[PDB]
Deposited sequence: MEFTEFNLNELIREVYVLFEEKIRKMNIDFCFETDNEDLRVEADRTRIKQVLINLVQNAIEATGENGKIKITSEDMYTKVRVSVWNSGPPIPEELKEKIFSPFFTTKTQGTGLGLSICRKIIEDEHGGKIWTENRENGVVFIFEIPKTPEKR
């Protein structure tokens, strides 16, 4: 694929801008925090953008009107971490892994998470997971700072 080194936080801002009207519309309380303004990562920018768009879209759909979304990005030395949290329904415990299967659907293509897992784990050698937190759900991914 096509790896470059870029400021991950500029990418997150780009994705926020794409969804700003929708977030505003829905009176969603959106927060983005980082612990390093220039959060440099070597990655396929287009592919990481796709992951972010998917996670943000899912967060907006799940949280609903007057909902809450928080994105955090963190520089951890040999890796960077992005967490996307929304208030909303929890992932059932029995579905914690299954929601990442390409065969997971809802009523109908799935939540995009199988391709997010492919991008994060297969394409970038990272990790992606979910936890139920604070009356909602976080999706977390980590990618190594360099392949």
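**Study point:** Regions of the deposited sequence not represented in the model
**Key:** Holes in the chain trace, numbered from 1: 108-109, 150-152.
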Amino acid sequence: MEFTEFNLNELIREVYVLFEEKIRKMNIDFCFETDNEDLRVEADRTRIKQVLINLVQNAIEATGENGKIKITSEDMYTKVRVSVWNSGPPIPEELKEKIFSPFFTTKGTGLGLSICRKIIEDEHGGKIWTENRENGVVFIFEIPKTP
From here on, numbers count along this sequence of modelled residues.
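Definition used throughout: the rigid core is the maximal C-alpha set that superposes within 1.5 Å between two forms.
Practice item. Name the stretch, 25-33 or 98-106, whose C-alpha atoms sit farther from the shown form on average in 4 other deposited structures of this protein, taking the rigid core as the superposition reference. Key: Of the two stretches, the larger average C-alpha offset in 4 other deposited structures of this protein falls on 98-106.
Check your understanding: What stretch shows more C-alpha movement in 4 other deposited structures of this protein relative to this form, 117-125 or 86-94, after the core is superposed?
Key -> Higher root mean square deviation of C-alphas in 4 other deposited structures of this protein is shown by 86-94.
Exercise for review: Output the stretch having the higher mean C-alpha B factor in the entry; the candidates are 23-31 and 54-62.
Suggested key: Of 54-62 and 23-31, the stretch with the higher C-alpha B-factor average is 23-31.
Review point. Looking at the deposited entry, does 91-99 or 118-126 carry the larger mean Cα B-factor?
Key: Stretch with the greater average CA B-factor: 91-99.
Practice item. Kindly indicate the residue among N86, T46, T109, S83 with the greatest C-alpha B-factor in the PDB record. Key: Of the options given, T109 has the highest CA B-factor in the PDB entry.
**Study point:** Position of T4 among the chain's modelled residues by C-alpha B-factor, lowest, middle or highest third
**Key:** Middle third - that is where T4 ends up once the chain's C-alpha B-factors are sorted.
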